[PDB]
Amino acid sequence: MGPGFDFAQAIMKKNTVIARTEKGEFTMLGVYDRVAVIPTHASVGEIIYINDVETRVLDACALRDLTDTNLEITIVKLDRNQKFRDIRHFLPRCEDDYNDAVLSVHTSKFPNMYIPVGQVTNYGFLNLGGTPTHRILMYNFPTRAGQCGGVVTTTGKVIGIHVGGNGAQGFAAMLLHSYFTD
């Protein structure tokens, strides 16, 4: 409808795949080469389904901060025959608040879904499903099951991936440029 949704659509159309694990179907953001991200609660194993194709996992790393606190981001390298468009230049370098964000989801359940979530708070600490978690972004939208892995964007920036909610608010794990230096 507007330049926010334009930027979100550009990311969804080229940089997402549908990931299936034993814990469900997730939106999965491809970042560069064969490297993607997913919520750590997806429990990625040695094999994953990518757009319903059996795919070997070459590496998977559940990120934690230097206090050894969960960040809820798993970086996955896929044994895939095709590279992602490199979008690392759209990642923020530092923790921040944002205005006018869009949460975008693409699964079997929720195809081509875009949600204007509005103002995003650097919330920081969250007890997420009983796990102390850092670098959480918060938005005042009643997000639901099926949205985990959803991409949080502003115009010009890919800022997070949706990891949970409490019925009134939604929560995303920050993406930082420093996670994907090669």
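Quick note: we count residues from 1 along the sequence shown, nothing fancier.
- Between 121-129 and 24-32, it is 121-129 that carries the larger average Cα temperature factor according to the deposited entry.
- Per-stretch averaging of Cα B factors for 39-47 and 137-145 places 137-145 on top.
- Looking only at 105, 71, 91, 94, the residue with the top Cα B factor in the deposited structure is 94.
- The entry lists a Cα temperature factor for residue 167 that places it in the highest third of the chain's modelled residues.
- In this PDB entry, residue 67 carries a Cα temperature factor that places it within the highest third of its chain's modelled residues.
- Per the PDB record, residue ranking by Cα B-factor puts residue 155 in the highest third of the chain.
- Annotation for residue 86: CA B-factor lies in the lowest third of the chain's modelled residues.
- When the modelled residues of the chain are ordered by their C-alpha B factor, residue 1 lands in the highest third.
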